[PDB]
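Protein chains in written order, with this note's numbering: chain Y, 30 to 118; chain L, 449 to 601. Structure first, then comments.
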Amino acid sequence: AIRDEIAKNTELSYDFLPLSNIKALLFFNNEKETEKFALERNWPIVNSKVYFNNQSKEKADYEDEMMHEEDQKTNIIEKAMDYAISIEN
Amino acid sequence: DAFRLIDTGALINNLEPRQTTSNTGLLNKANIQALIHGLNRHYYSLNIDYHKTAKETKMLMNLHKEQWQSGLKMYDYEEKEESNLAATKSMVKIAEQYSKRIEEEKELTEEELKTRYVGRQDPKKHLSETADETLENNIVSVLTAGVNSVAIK
């Protein structure tokens, strides 16, 4: 659970890090096992380097018209203007 | 206005006055008040109403509002109101500047809370000037702002 908690920090705090450091930071005994943990966490791997493209987040169960919507952005801005009119009426 | 003669006759008939607001003469006051009883002759007591068909009433309701921008309200007044919005933003600021200055001098000069001041309604006049004007300036910057863009794609 500690290594999984560190993996959440390594995404934002490390833009690019090589393979040898991930083994030393998280205390791994194998380099091949190090890349196995990156597959379950969806970490892109290149030569002698490991990037993170997962910094962008989405999904997270279901949300509608809340927390940075997609196609309702234009409407909600106009909907918020129409809510104050009915309160006065 | 109208006139109709009576002279002899026209009586022994239905009820002329009972129709609309007749049987009058409190003091001398009616209509132009140059008339009293006789008017021209006999107080014909004009009654002016109007009746239209279903087609005529359907016209003036939708046709007559203020002027004709109608059928599309979006772009007609969009450019005209947006071009003066820069000057409108500066003019509405002056209205707020004179708002609190009236309420500040209102409560400063009254230590009593009684009436020697012939102030029978003092607050509601200046309170509505800071409210209705504020209520006028904000709604025209919101309801019009909703259709001021509406671009989407």
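Just so it is clear, CB atoms sit at the ideal spot from N, CA and C, and this is done for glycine as well.
Check, Outcome
"Please determine if the region 457-468 of chain L and the region 481-499 of chain L are in contact, where contact requires at least 3 C-beta pairs separated by less than 8 angstroms.", "yes"
"Can you look up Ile74 of chain Y in the DSSP assignment and give me helix, strand or coil?", "strand"
"Would you report the Cα separation of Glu558 of chain L and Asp570 of chain L, rounded to the nearest angstrom?", "11 angstroms"
"Find the nearest neighbour of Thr469 of chain L within the set L:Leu561, L:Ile454 and L:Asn495, judged by alpha-carbon distance.", "L:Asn495"
"Which whole runs of the alpha helix (DSSP H) in the region 457-537 of chain L are 4 residues long or more, in chain order?", "502-511 and 526-531"
"So what's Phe56 of chain Y in DSSP terms, helix, strand or just coil?", "coil"
"Could you name the residues of the same chain whose beta carbon sits closer than 7 angstroms to that of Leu511 of chain L, not counting the 5 residues immediately before and after it, in chain order?", "none"
"Taking only beta-carbon positions, decide if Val540 of chain L is within less than 7 angstroms of chain Y.", "no"
"Name the chain L residues that come within less than 8 angstroms of residue 23 of chain Y, Cβ to Cβ?", "A query on residue 23 of chain Y cannot be resolved here, the shown segment of chain Y reaching from 30 to 118 and no further."
"Along chain L, which residues have their Cβ under 8 angstroms away from the Cβ of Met110 of chain Y?", "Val590, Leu591, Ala593 and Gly594"
"Could you give the DSSP three-state label for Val595 of chain L: helix, strand or coil?", "helix"
"Just checking: is the beta-carbon of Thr39 of chain Y within a distance shorter than 7 angstroms of some beta-carbon in chain L?", "no"
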